[PDB]
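Asker:
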Amino acid sequence: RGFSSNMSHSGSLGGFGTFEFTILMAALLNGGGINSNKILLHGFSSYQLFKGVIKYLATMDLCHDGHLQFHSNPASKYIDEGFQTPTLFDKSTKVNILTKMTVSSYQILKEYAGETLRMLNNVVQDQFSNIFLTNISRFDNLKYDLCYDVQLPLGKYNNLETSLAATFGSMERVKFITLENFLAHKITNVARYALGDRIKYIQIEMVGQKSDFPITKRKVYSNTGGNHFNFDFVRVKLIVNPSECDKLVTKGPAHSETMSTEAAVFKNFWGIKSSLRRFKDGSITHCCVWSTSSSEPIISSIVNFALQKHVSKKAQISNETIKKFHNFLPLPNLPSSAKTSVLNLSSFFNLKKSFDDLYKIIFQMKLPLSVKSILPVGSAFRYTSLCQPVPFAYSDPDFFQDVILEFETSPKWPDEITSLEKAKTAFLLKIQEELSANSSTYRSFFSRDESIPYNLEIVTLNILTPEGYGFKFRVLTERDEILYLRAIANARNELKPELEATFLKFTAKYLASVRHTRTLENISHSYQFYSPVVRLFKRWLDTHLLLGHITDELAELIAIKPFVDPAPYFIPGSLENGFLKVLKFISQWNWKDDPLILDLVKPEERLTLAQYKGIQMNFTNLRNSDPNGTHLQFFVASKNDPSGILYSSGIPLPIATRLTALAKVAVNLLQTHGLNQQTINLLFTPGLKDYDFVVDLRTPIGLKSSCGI
Amino acid sequence: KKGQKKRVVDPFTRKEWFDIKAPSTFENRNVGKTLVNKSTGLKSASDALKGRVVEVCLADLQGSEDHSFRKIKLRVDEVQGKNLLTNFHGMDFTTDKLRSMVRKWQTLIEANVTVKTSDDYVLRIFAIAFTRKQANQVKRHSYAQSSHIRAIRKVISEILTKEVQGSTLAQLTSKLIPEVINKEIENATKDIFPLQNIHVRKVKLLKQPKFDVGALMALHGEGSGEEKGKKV
Amino acid sequence: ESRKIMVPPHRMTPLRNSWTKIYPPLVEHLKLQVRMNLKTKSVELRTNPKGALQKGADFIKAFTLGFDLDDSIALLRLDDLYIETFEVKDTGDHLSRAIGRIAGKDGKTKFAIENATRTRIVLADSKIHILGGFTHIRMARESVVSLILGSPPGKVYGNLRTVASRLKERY
Amino acid sequence: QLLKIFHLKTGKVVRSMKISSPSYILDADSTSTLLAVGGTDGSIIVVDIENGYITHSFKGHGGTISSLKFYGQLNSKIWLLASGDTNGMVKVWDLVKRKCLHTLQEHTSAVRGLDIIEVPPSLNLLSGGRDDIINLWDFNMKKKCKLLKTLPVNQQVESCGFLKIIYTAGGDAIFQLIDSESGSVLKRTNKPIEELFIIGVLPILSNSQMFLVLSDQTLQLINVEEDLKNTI
Amino acid sequence: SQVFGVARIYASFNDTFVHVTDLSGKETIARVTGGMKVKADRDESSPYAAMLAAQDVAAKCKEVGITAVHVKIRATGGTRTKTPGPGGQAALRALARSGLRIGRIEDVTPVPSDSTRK
Amino acid sequence: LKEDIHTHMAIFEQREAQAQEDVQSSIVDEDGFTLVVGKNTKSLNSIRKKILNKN
Amino acid sequence: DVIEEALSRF
RNA sequence: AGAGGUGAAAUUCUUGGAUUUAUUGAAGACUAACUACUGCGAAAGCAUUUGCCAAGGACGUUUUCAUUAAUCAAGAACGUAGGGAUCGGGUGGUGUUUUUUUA
């Protein structure tokens, strides 16, 4: 976790360490409770000692309310207040052993206690390598969510007074060791007050720091890029509550007539920008407008002002990765779309409104056999499509979303499979006939579909909605499932697995696809960065040329895997942290001894021990029948598909090995060269490789104004 | 009478009007208005109302008198600038419809399944199906054999616990608005008995997952607070 | 703005009798573009392309209540009156002799009500319609509900003397 | 039904009218002969008082109508009307052209206590409300703008400014005199220990003295002309 | 474009409650009974007393601004007479005729479903 | 495709009704053996395959 | 009525 | 500012807000409408769903045994013919509801 016992007062993640761990274990030996109830006995070994330790650290605060007391010369209890710093009192010394690290470092360590406690107390699966044997401290943006680098060219210790706007006082040099110390404590307090309910946790870490200075020299005598203090530039690492990133108004206290001290310090901290406003509720409250841009998250703008207003007036901020991929996101032709966020879903809601008026006008009419239910299954209906869907945007091949519709269980149906799918075409003929009869402002046509093999006579009904959208309609019946099963049963015995593959494609296209889009569309409103991480993953995967084999639901499942199981990390509060968590995981991931079980559940209906063991057992016999992954490479199993072979089927071994190799090359580049603009451009290079074949294709028109990006 | 009666409280100048907005499963999402209190300190009347039920009629939701009965219940659980964006909380027939349906020389089948949906909403959803006099039937009764009762109740409990456990609350409300699972019950149990009008008559909630204001906003539509021209 | 007014089939034929003497005292004077929907038994009064709609509406509303044309022109003139309906509800014993105590004989007690409190009342077999001044309607309804609650006709005649003096003498 | 009483010995009803909706607002002009009635519907009728007749209809308004104001001194020329609603809007009206001038949609609660004045035309108006905006607008003949709102802590019920220039704020058993182009209440009365509050300010002898009515049915004299020069 | 309360008329015997509450049913507006419009302890459930009780309820309801009513009539129900009394239809009819729109008439008498008598 | 699936349904229902009528008209064997048949079954191939699946 | 002949039998 | 309760009264409670209204929670009792000249049980009695435990009736039967039956002391456990319907089972008919290779 990166917690060595050096110091976090000097601006580095650490301070807590191994003998502090010893001291709290032996302090919890003789009690721990408020009545000194024995937290730790040596009746249980290191595993339950460790579990009780993490339980006590996660359920017993030290910073702000309560901390441990003990005296070595002798019970140990839990006193009630907190000293606004990590604290535990040892009265036989009168010392505060946890005052080597700071408030945010203790805060993030209590979070790590809670998180590893959550993934340790469960009796479901085993994750010992997930909890120990992966050094999460290797990368910055992997254990953190986003990063800023403050470059402060202060010049000299005397040039301070016109190069930086911070304090310079006896009262700060008496409590802070040096320049990096007072700027560190000032910058963590102004980041805390600037964001507050805008981020999960802040960690400050001055890089270029070193505890190294030679024999001949009196000090660190080092030109640290515009100063001579032991740090080069300031890592400002943020992990964010992702539900309030792009909320464009933060709120101070309201307006009394007597302008009290909280509104006072709010107006001092925010200067000319923030003011008191009316709202639709009618409250008169202190706030400030944050002009949201697409490429820029407003978290960078608020930290830019909280840097360039208080600690310096000419220092500058380095964060270019977010804007570097945010134009790799495709920007749709929408009104003020540059000022729209990436966490805005107004395009998907616009087609959902168009779909709902279509839904009403297809329910309010008369068939010879009424509608049981229609259910959209589209990638836009699960927030995944690469165009953020603008009306009239034909050039995207998934412009036409697909909606399954099923009538009621009439036992009048034709028998053989071509006849029943032709009867479904007959129903679609009737529905578009009445559609053009009554509401001719919608238009329509028919298109053959061959995404299922060997059924030659299956068409879909495509409609063009005058709000400007296009929907496929595929009729499902209660009969096609048992028709495919009895076709399986009476087929010739050397022709079984191909018809089984046909039925698997049918199940993936019609049946399990509905609960698929239902579950992850329901969970995307709890994991808010899901649609941007899948959209950037899919554009990465098409630049590296895999979508012609892999399916989009499989790419969607590989991208939900770091969200519904993010342990040991956080859920990703930013797009970069999501994307490199994806690629780090799939570079880690094997196939031969590695399935992929995920439960698409809400945080804090799940997958229990029995279903887990059944999934692992059919995986086990599946790939002892399959020796090394000759034709079955991945295994993605959810609650909605305990088979796991539904989306992984069909992809060739060169494509799957190319994906895993590209992931390992990407994590190699990440740990070697670091993040940069040319790093991200090399991460989106085609990797064309000149493997035997290159064609260059250009249709006689350009199609981005027509696709709407 | 004998006490002292605190003559004047004038309790409408301090009272405030909100209005409620249904989810987009319906179409006439505006429903009505509601008194609360002055939104002030020590009470927080903006959040003192955020669990209230409302009981509308589905004819007044859908603009079609064909389902004049079936008064449903919405639940305010948030505030967004005087607009209470509500969500589903239940469903119930009027007493008029069930008393007009129940009549003798026929028998009725009850069913009710408690069931968690694909979300964490557990419901218990009810069902009434009456026994139909067959066309050409000359005898008086048309009762059920009382062992066809059990097979009917078994398959009606089975197919409505297949409609739930699957089909999340948006899909559930959108599938019990246009009376389609009644027709499902009819088309799957016209084998055993003819079964004139089948209905669901009641959906009760029992537990809810959490607030989830993202999905609660996605049920209605997008809109956020912004600035106002202060000029001071 | 427009207004529909439903009409029942027990004032329909006298409306056809007096149909020639309502719209010539209306359309040239209180314009109100008029149709008469016999298809659904309503009367349509829509606005003028060249607040009289309320006056025409309660004009024919007093007519379908069943008051005289003199009273309906007395509603066009004197724009301060009020129409009012209430039905008894307070089967034979509590219907027949009760409306008998209302009417007295030949409408003489109803005539005493009317000439005492300056209103104009009419009544069907069960309902009561009273129009005129507001305090007069209050007082006349009070006397009528007294004598259907049960009071001697001489005692409500004394109450009629007091209320007639009060509402035909000033202050 | 409205009644006018010739205030002499013959206090007979000179004219009664029957209005559309029950009414809680009448405004008179600075002289006599001009009276404006506002119902619980948005219908603002203006009536002559010499011989009683409706003289201005003014039907096209939004909600139930809260307080409204005339304009015009003795032998003026404009003869305007304020007409502020409950839902927030104020539609200013003139009778000399039988017409509207502007429409204002800046409040949220019931617009109460509004008044117009000019200084050389300017014709700026104040318009308070049950919220805590005070809401002056520039209000030219053809164009439109808005000045500061000064944002009290109060529940403004029927407060009219435009003194010699200080502005009144009443309705929480508190009389504030907010200042021009600033927010500084300098005249703030002693709020009583009970909560019963001011319903009505009343100018006496052309804004010289002042009556405050109270919700326990009392009335107080203020002497704002002396207290403007005087110091609570 | 009207605005709706609900009526919640309780047509018990020996009394008659009418209080139009808000649409949720929580903030009640202008409760009157049938016992505070006449004072004799006998006629306090009369149709006339109930209808004039309804008249001044409609007065204060139009004062607040509610212009239309979903009406819910309630008998004494439960283990008792289960029929609406004399004043229910009277108060409903008076609220109808006194300038107040009425929609969705409904009977919310509490059916026992095998309560206790044994 | 209107007339195409019109002709397809018009031959399918013809051969279907022919098959079902041939099923439950009368089946005596070469000797006397009346074949047991369902109330609403449709094909000799259907009863053949279900008597195969009940092996 | 070609589409009605196609949608017989139901 | 009244509300249970009354034949009125009386009495009861109510400004420490009752009655009524809305949202929940607990408790045990009970299975309304469906309910009939219908069902079951030796009788008294017996109506929510599901599961389990056994029992019983009638019907079906080209199954078996061969008078094993009948009636109460004593004692034992429980508190005249005919006709129209209708319930339970069976057989046959051949039209509609039904359906079709999952049972």
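Protein chains in written order, with the entry's author numbering: chain RE, 373 to 445, 453 to 983, 1010 to 1114; chain SC, 13 to 244; chain RT, 95 to 144, 150 to 189, 194 to 274; chain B3, 83 to 202, 207 to 250, 257 to 322, 326 to 327; chain SP, 11 to 128; chain RF, 180 to 234; chain 5C, 544 to 553. We put the beta carbon where it would ideally sit given N, CA and C, even for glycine.
Are the C-beta atoms of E547 (chain 5C) and some chain RF residue less than 8 Å apart?
Answerer: So, not an interface residue.
Asker: Sort out for me which residues DSSP pairs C526 (chain RE) with in a bridge.
Answerer: Partner(s): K616 (chain RE).
Asker: Do three or more CB pairs link the segment 260–271 of chain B3 to the segment 285–295 of chain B3 at distances below 8 Å?
Answerer: These segments touch.
Asker: Under a Cβ-count criterion, where at least 16 other Cβ atoms within 10 Å of its own Cβ denotes burial, should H904 (chain RE) be classed as buried or exposed?
Answerer: The residue is buried, with at least 16 neighbouring Cβ atoms inside 10 Å.
Asker: Here's the rule I'm using: 16 or more other beta-carbon atoms within 10 Å means buried, otherwise exposed. How should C231 (chain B3) be labelled?
Answerer: When all chains shown are included, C231 (chain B3) counts as exposed.
Asker: Helix, strand or coil: which one does DSSP assign to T143 (chain SC)?
Answerer: In this structure, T143 (chain SC) counts as coil in the three-state DSSP scheme.
Asker: Cα-Cα, which of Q183 (chain SC), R82 (chain SC), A123 (chain SC) and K222 (chain SC) is closest to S36 (chain SC)?
Answerer: Minimum Cα distance to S36 (chain SC) is reached at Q183 (chain SC).
Asker: For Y580 (chain RE) versus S680 (chain RE), is the C-beta distance shorter than 8 Å?
Answerer: Not closer than 8 Å, so no.
Asker: Using the rule of at least 16 other Cβ atoms within 10 Å of the residue's Cβ for burial, across every protein chain shown, is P974 (chain RE) buried or exposed?
Answerer: Flag for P974 (chain RE) reads buried.
Asker: I need the straight-line Cα distance from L434 (chain RE) to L440 (chain RE), nearest angstrom please.
Answerer: If I take the Cα positions, the gap works out to 7 Å.
Asker: Pick out the complete alpha helix (DSSP H) segments inside the segment 679–710 of chain RE, 4 residues or longer, and give them in chain order.
Answerer: For the segment 679–710 of chain RE, whole alpha helix (DSSP H) runs of length 4 or above, ordered along the chain, are 700–705.
Asker: Quick one: list the residues of chain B3 neighbouring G150 (chain RT), beta-carbon separation under 9 Å, in chain order.
Answerer: Neighbours of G150 (chain RT) on chain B3, chain order: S102, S125, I127, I136, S139 and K141.
Asker: The segment 30–42 of chain SP: which residues have C-beta closer than 8 Å to a C-beta of chain SC, in chain order?
Answerer: Answer set for the segment 30–42 of chain SP: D32, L33, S34, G35, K36, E37 and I39.
Asker: Let's test the definition: count the other Cβ atoms within 10 Å of the Cβ of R273 (chain RT) and tell me whether it reaches 16, buried, or not, exposed.
Answerer: Exposed: under 16 other Cβ atoms inside 10 Å.
Asker: Which residues in the same chain as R221 (chain RT) place their Cβ atom closer than 8 Å to its Cβ, once the five residues preceding and following it in sequence are excluded?
Answerer: Same-chain partners within the cutoff: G235, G236, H239, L270 and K271.
Asker: Are at least three pairs of beta-carbons, each pair with one atom in the segment 838–858 of chain RE and one in the segment 778–789 of chain RE, less than 8 Å apart?
Answerer: Segments in contact, yes.
Asker: My output table needs one value for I327 (chain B3): the three-state DSSP class, helix, strand or coil.
Answerer: It is coil, neither helix nor strand.
Asker: Spatial neighbours of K427 (chain RE) within its chain, please: CB distance less than 7 Å, with the 5 preceding and 5 following residues excluded, ordered by chain position.
Answerer: So the qualifying residues of the chain are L496.
Asker: Measuring straight from C-alpha to C-alpha, what distance separates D524 (chain RE) and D921 (chain RE)?
Answerer: Roughly 25 Å between the two C-alpha positions.
Asker: Of all the residues that make up the segment 228–247 of chain RT, which are near chain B3 by a beta-carbon distance shorter than 7 Å?
Answerer: Result list: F237.
Asker: Is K70 (chain SP) closer than 8 Å to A59 (chain SP) when the C-beta atoms are compared?
Answerer: Not a contact, by the Cβ cut-off of 8 Å.
Asker: So, with DSSP's three-state summary, where would you put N500 (chain RE)?
Answerer: Three-state DSSP puts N500 (chain RE) in a helix.
Asker: Under a three-way DSSP split, which group does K940 (chain RE) fall into?
Answerer: Of the three classes helix, strand and coil, the one that applies to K940 (chain RE) here is helix, per DSSP.
Asker: Between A200 (chain SC) and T788 (chain RE), how many whole angstroms is the CB-CB distance? I'm expecting something under 8 Å.
Answerer: Confirmed, about 6 Å.
Asker: Applying the 10 Å Cβ sphere with the 16-neighbour rule, what's the burial state of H665 (chain RE)?
Answerer: It is buried - the Cβ of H665 (chain RE) has at least 16 other Cβ atoms within 10 Å.
Asker: Can we say the segment 112–130 of chain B3 touches the segment 150–158 of chain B3, given the rule of at least three CB pairs closer than 8 Å?
Answerer: Enough Cβ pairs lie closer than 8 Å, so yes.
Asker: Along the segment 195–214 of chain RF, what residues have a CB closer than 8 Å to any CB found in chain 5C?
Answerer: Those would be none; no residue qualifies.
Asker: Taking Cβ positions, are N609 (chain RE) and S622 (chain RE) nearer each other than 8 Å?
Answerer: Their beta carbons are not under 8 Å apart, which means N609 (chain RE) does not touch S622 (chain RE) by this criterion.
Asker: Who are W175 (chain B3)'s beta bridge partners in DSSP?
Answerer: For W175 (chain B3), which the question treats as bridged, DSSP gives the partners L163 (chain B3) and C182 (chain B3).
Asker: Taking the straight line between their C-alpha atoms, what separation do you get for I257 (chain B3) and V243 (chain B3)?
Answerer: Rounded to the nearest angstrom, the two C-alpha atoms are 20 Å apart.
Asker: Could you tell me if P96 (chain SP) is buried or exposed, where buried requires 16 or more neighbouring beta carbons within 10 angstroms of its beta carbon?
Answerer: So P96 (chain SP) counts as buried.
Asker: Using only CA atoms, which one of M171 (chain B3), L186 (chain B3), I160 (chain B3) and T92 (chain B3) lies nearest to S208 (chain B3)?
Answerer: Of the listed residues, the one whose Cα sits closest to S208 (chain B3) is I160 (chain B3).
Asker: Please work out which residues of its chain come closer than 7 Å, Cβ to Cβ, to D319 (chain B3), disregarding the five sequence neighbours upstream and downstream, and give them in chain order.
Answerer: The residues are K279.
Asker: I want to verify the contact list: residues of chain RT whose CB lies under 8 Å from the CB of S11 (chain SP), in sequence order.
Answerer: Chain RT residues near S11 (chain SP): none, gap ~14 Å exceeds 8 Å.
Asker: Output yes if chain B3 places a C-beta closer than 8 Å to the C-beta of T46 (chain SC); else output no.
Answerer: No - not a single Cβ of chain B3 is within 8 Å of the one on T46 (chain SC).
Asker: Could you tell me the alpha carbon to alpha carbon distance between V628 (chain RE) and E67 (chain SC), rounded to whole angstroms?
Answerer: One C-alpha to the other measures close to 35 Å.
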